[PDB]
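There is one chain below, alone, in structure tokens, taken in the form deposited in one PDB entry.
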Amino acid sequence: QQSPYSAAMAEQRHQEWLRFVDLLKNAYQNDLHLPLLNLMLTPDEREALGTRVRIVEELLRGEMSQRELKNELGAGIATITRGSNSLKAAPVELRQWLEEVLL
């Protein structure tokens, strides 16, 4: 399956990663996370994260917005179809009265 080494390295990676998460967790409940993050990340890496959060918002707002559009269209067409069927179901009296308020 896997070497005795690669497995120890995999395990170490995981522990070290967990430890970072916990370090940052704790720093939060202490108001030290701004200092810690300055220690853990260069200025360019922080900018990069700041940039990535903005990218995520743009991707999300983009998709949200395409979705609201596709749903508007969907609903606009469904309403025409549904209007059509309901028109066929209307009683003659309603149909003629409607026809008559048209003419």
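Rigid core here is just the name for the largest C-alpha set that superposes within 1.5 Å across the two forms. Residue numbers run from 1 along the displayed sequence. Only residues modelled in both forms are compared.
What follows is about the form deposited in another entry, which we do not show.
- Following superposition on the rigid core between this form and the one not shown, the residue from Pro43, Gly62, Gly76, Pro35 with a C-alpha displacement of 2 angstroms or more is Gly76, and no other.
- Once the rigid core is overlaid between this form and the one not shown, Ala90 counts among the residues whose Cα shifts by 2 Å or more.
- Identified as moving between this form and the one not shown on the superposed core are the stretches 3-5, 63-103, each made of at least three consecutive residues whose Cα atoms shift by 2 Å or more.
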